[PDB]
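2 protein chains.
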Amino acid sequence: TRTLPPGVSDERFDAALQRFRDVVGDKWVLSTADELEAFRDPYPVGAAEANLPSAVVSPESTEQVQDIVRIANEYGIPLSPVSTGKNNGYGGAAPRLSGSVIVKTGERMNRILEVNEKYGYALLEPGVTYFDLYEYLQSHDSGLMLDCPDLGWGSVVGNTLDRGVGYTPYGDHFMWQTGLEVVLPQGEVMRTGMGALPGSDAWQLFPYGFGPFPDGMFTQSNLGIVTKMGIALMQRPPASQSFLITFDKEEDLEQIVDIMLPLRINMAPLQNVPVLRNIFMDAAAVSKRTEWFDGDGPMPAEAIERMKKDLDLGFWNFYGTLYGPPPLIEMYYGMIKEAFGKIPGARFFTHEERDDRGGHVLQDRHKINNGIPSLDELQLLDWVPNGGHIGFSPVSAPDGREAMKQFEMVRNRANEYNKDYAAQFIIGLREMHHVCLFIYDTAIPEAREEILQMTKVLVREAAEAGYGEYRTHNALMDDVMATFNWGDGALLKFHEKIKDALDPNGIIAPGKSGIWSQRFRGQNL
Amino acid sequence: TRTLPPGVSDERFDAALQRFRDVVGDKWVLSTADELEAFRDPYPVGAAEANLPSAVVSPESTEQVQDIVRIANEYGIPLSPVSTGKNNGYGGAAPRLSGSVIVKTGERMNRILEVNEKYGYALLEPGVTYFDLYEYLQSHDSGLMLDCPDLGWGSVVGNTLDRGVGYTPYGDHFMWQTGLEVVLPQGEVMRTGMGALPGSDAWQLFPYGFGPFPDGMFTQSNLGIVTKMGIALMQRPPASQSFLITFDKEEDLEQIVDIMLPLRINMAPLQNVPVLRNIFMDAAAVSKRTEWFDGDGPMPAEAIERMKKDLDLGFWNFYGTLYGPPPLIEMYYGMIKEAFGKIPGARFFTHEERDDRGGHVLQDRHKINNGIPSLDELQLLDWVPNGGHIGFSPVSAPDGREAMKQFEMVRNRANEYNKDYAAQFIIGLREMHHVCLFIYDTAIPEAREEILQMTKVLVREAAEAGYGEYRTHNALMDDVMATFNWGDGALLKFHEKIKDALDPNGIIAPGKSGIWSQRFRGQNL
Ligand SMILES: *Cc1cc2c(cc1C)nc1c(=O)[nH]c(=O)nc-1n2C[C@H](O)[C@H](O)[C@H](O)COP(=O)(O)OP(=O)(O)OC[C@H]1O[C@@H](n2cnc3c(N)ncnc32)[C@H](O)[C@@H]1O
Ligand SMILES: *Cc1cc2c(cc1C)nc1c(=O)[nH]c(=O)nc-1n2C[C@H](O)[C@H](O)[C@H](O)COP(=O)(O)OP(=O)(O)OC[C@H]1O[C@@H](n2cnc3c(N)ncnc32)[C@H](O)[C@@H]1O
Ligand SMILES: COc1cc(/C=C/C=O)ccc1O
Ligand SMILES: COc1cc(/C=C/C=O)ccc1O
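Chains as they are written, first to last, in the authors' numbering: chain B, 2 to 526; chain A, 2 to 526.
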């Protein structure tokens, strides 16, 4: 049965499709069940089908984006913009509201508009992937490096717009975003910062421009369709060295985090964004669950021990990268060893010292931390059949007690619902993104359902403990936004007021981050 | 006669004043011409009077701020919030719209709410000055340092809200701002980021929270009255060293900037925010204009040579600070000498080597760059009698040709309008704030008008060359915003739409950054 935009009839929809085809060309509007299967969430959550798109439109220019938007306003059709649509763990390309049209900006708006060697930046269309950018930089023998997330097939823009992260010193992607072009919800185009000044060369040089600074408002947001974005690029250092610290016990988490803080808060000796990964995360990247335990339930303790012993890893594995001339790297590594070697059982390895299977994550982090994109982490999804993940991503103080509490709260529900808890703490200067990846068999309805129910429980329980998520799945956006309800929902109300003013017809990605325009509020969508 | 809010009668204003007194106390509402003289622009611009407050209200708490806002909605009274109201150069405490009531939040909301040593942050009310924070840090023997502007009497909050700058590695104040509380234009209170999650300890740890990130929209803005703000604070390094490089010729500017960029863009060896100051800036900091020249018109070349020789300074004077272990400092300083030494006539002094009158600026920079607040730069205002200044503050690429172009363009008009051009380039990673400070005799109506006309021409002319200002004076806000008119004034249209949705009655600082609510649009005040 045909997915349609809410309250839009089969023929009003057919009319709009034709209008879209006039803008973008026939090839670039998809609308059949078979074409649309590929734009469903690849890692579905919940037993019931959700997040169904009614069509995909692929514009080639900003002007085409403005025309699609205007058409959409005329018909009341919701539009859900994506760049490359690889937001897996959080919905993939699928819209929050069933029946919305995906605007897949990145299919043809994929140009590298500028890479400036002198000032260290790029101006990009949404379709540029980390692999694309890396190839450009290699080809031109650039002195610049990118900063990539774990999987390079996403979009430099797309990822920044969801405030995604990577692992070099430029790991906070939104922090390095400088300038954007956006189509607002009625079709007007606007440039932020110095791009609002006609003829300025400083769009990618000074982010703020003049007056109220809005670029943040277009991240985790449904206020427009972004068409161009700048990002600062770091200079490649002359030398780098990555390392692994293995820690034997579950219980070491607290001491690892407490030792780490003072070595990280000033960006030295911990220069890059360290990651702290549990054995579940690291074993799934190199092996199948059945290698260690056949059995539908929680993995017993001896099977955990064998994971550790066979891969020669700890329960907790700390990965970091140092940059600079070699004498600096040695001084900083020396400090890291001295500090973390206070933990009994800690062992250290550089990227030159492990060529075994357990060392494969280290080699992969060594690429990622040097801005070399990779797809090796896709192997996580082979942990179980028809493997999917969801990201439960609370923020934590860089405090060992708080990290242990979150770990324990999540582990306990993971056990109750029969899901493996793979953990990656992504360590900022003053906070950690505690990413909890739950790998599961996307073909079993009941696994899909337990995932949904488990993660709903974790959102509420984390909030009752004072913890919020940095980012979340379509399925949890309402639940997550409901937690940020200080002052009787003041934040949500503010966002709705802005949304309604910029988008009086309720066109752009309704429900993104729990923000619903007026015509959809109070409904069960 | 009495300054009254536009469209508001004596009788209604009297009623509104009494209601303000009900909220804050009789003593905390000022309304006589005598009491209000202190809230006039201390550096008035334009011959004609402008920017006249109708009153000043000083609330004690967020709750009183809410109550005030409610009252002003009911009566149609415009409110102009300040923290300490020391925005000298840009208007002081004076409101953009004459007749507005100033809400001086900092008079009584002046607590340090939290300084967290472990995570390196403060949570502040608006009345905390840089002096007050420095004192607290000193008294508690903190390992943290603050980052201050040139004058320490302003507000950590207020300064940040105008996207002000300082000179340590944390010199971009807005970058380090983390969390805020704001009273919206109809009286509702909101917290941003992790502060929107009840019980979170991460308000000052993770800036973004969940969903669209709004904090920027409260900077250079009239969308609410901020009542609390957090800021990250850097750890004090073990050692530091400041230096001065003097360069003999006006024309050295191009090469100085070109040599500088590769040393700045990686944050090393130029670790702090370097400043490049011209001789008029430096001479005004330690001497009066009549020591060098007492004729009519622009100072002649021979008199400029005398300033340089007597103070032992260059036409351009570069100040920087290095931080870290001593051998790191020496290695960086060596790199700096070697790079800038290419410029014929360059001379180098550290803060340990110069204690003379000309070295007074270096000593002041060595305090400021180590987070020790100062009022020594108030001496600039003694350059001429009744001295005041205005900041004309274009953004520059960190490119020598661009900086030279800006310099020549500004110099040409400075000479034409007989105003001395003191320049301070404030050097970020990828951009410079080129602060053109014109010091003038505020008593003379011709001088004030010439300042006004000159700056209007500079705004226009800079924009014709593709240059825009980062911040500006009350008197230039409409002109500066009119320059950011890409896409047919798209940016301003966006702002007005938000302004009208949040502030339906047009209450908060109408005209800030050229953003006027609907009721004032087109009235020419
Ligand atoms: C499964 C998984 C996921 C993952 C990861 C490891 C694994 C095994 N590691 C990640 C990491 O290290 N860091 C990180 O930030 N994310 C990581 N993920 C999650 C995900 O794969 C990536 O973040 C991915 O890069 C995101 O996908 P993409 O880059 O393709 O972005 P998108 O889906 O197009 O868009 C994301 C959302 O942003 C808004 N958006 C995007 N484009 C626009 C435009 N043009 N206009 C308006 N809004 C836009 C939409 O909300 C969209 O849903
Ligand atoms: C004359 C001068 C000025 C100067 C300077 C040197 C001289 C000789 N050096 C500066 C520097 O190195 N860096 C810098 O950023 N500014 C410099 N200036 C200019 C000025 O002195 C300082 O910026 C000063 O710190 C600013 O004044 P203050 O800190 O008192 O800020 P304010 O007047 O209260 O507020 C400024 C504007 O911000 C908005 N505002 C402020 N508080 C609020 C609240 N609570 N809510 C909403 N908006 C707020 C208003 O727009 C206000 O006008
Ligand atoms: C799904 O969401 C995320 C995954 C990862 C990385 C996981 C390990 O490869 C990081 C940040 C995220 O938000
Ligand atoms: C008036 O505005 C400014 C002054 C200064 C510094 C002046 C030199 O003492 C820096 C930044 C500004 O925006």
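For every residue, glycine included, the Cβ atom is placed at its ideal position computed from N, Cα and C.
Neighbour flag for residue i against chain A, beta carbons, 8 Å
| i | result |
| --- | --- |
| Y209(B) | yes |
| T220(B) | yes |
| residue 1(B) | Nothing can be reported for residue 1(B), as the shown portion of chain B is limited to 2 through 526. |
| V411(B) | no |
| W487(B) | yes |
| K406(B) | no |
| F426(B) | no |
| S201(B) | yes |
| residue 549(B) | No answer is possible for residue 549(B): the residues shown for chain B start at 2 and end at 526. |
| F393(B) | no |
| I260(B) | no |
| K498(B) | yes |
| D504(B) | no |
| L198(B) | yes |
Test item: CB-CB of residue i and residue j under 8 Å
| i | j | result |
| --- | --- | --- |
| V274(A) | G429(A) | yes |
| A510(B) | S241(B) | no |
| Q256(A) | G401(A) | yes |
| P215(A) | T179(A) | no |
| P186(A) | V70(A) | yes |
| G92(B) | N52(B) | yes |
| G212(B) | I516(A) | yes |
| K105(B) | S62(B) | no |
| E470(A) | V460(A) | yes |
| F40(B) | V396(A) | no |
| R449(B) | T443(B) | yes |
| residue 1(A) | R431(A) | Outside the displayed span of chain A (2 to 526) sits residue 1(A), for which this structure offers no information. |
Sheet register partners of residue i (DSSP bridge)
| i | result |
| --- | --- |
| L124(B) | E115(B), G231(B) |
| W29(B) | Answer by DSSP bridge pairing: none, since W29(B) is not bridged. |
| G392(B) | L438(B) |
| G93(B) | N88(B) |
| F319(B) | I246(B), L277(B) |
| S241(A) | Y324(A) |
| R348(B) | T247(B) |
| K105(A) | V83(A) |
| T130(A) | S156(A) |
Where the beta strand (DSSP E) through residue i begins and ends
| i | result |
| --- | --- |
| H434(A) | 433–442 |
| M191(A) | 190–192 |
| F426(B) | 423–428 |
| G180(A) | 178–184 |
| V57(B) | 56–58 |
Residue range of the alpha helix (DSSP H) that includes residue i
| i | result |
| --- | --- |
| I72(A) | 63–76 |
| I516(B) | No alpha helix (DSSP H) contains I516(B), which DSSP labels as neither H nor E. |
| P82(B) | First-last for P82(B): 80–83, but that is the beta strand (DSSP E), not the alpha helix (DSSP H). |
| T484(B) | 478–484 |
| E255(A) | 254–265 |
| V362(A) | 361–369 |
Chain B within 8 Å of residue i, Cβ atoms only
| i | result |
| --- | --- |
| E432(A) | yes |
| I69(A) | no |
| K457(A) | no |
Review point. What residues in the region 228–244 of chain B bring their beta carbon closer than 9 Å to a beta carbon of chain A?
Key: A233, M235, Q236, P238
Point to revise | Interfacial residues, the region 328–351 of chain A to chain B, with Cβ spacing under 7 Å | key: From the region 328–351 of chain A, no residue has a Cβ closer than 7 Å to chain B.
Review point. Taking Cβ-Cβ distances below 8 Å as the criterion, which residues of the region 111–136 of chain B are in contact with chain A?
Key: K119, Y120, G121, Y122
**Study point:** Members of the region 446–473 of chain A that neighbour chain B once the beta carbon cut-off is set at 9 Å
**Key:** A464, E465, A466, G467, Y468, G469, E470, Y471, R472, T473
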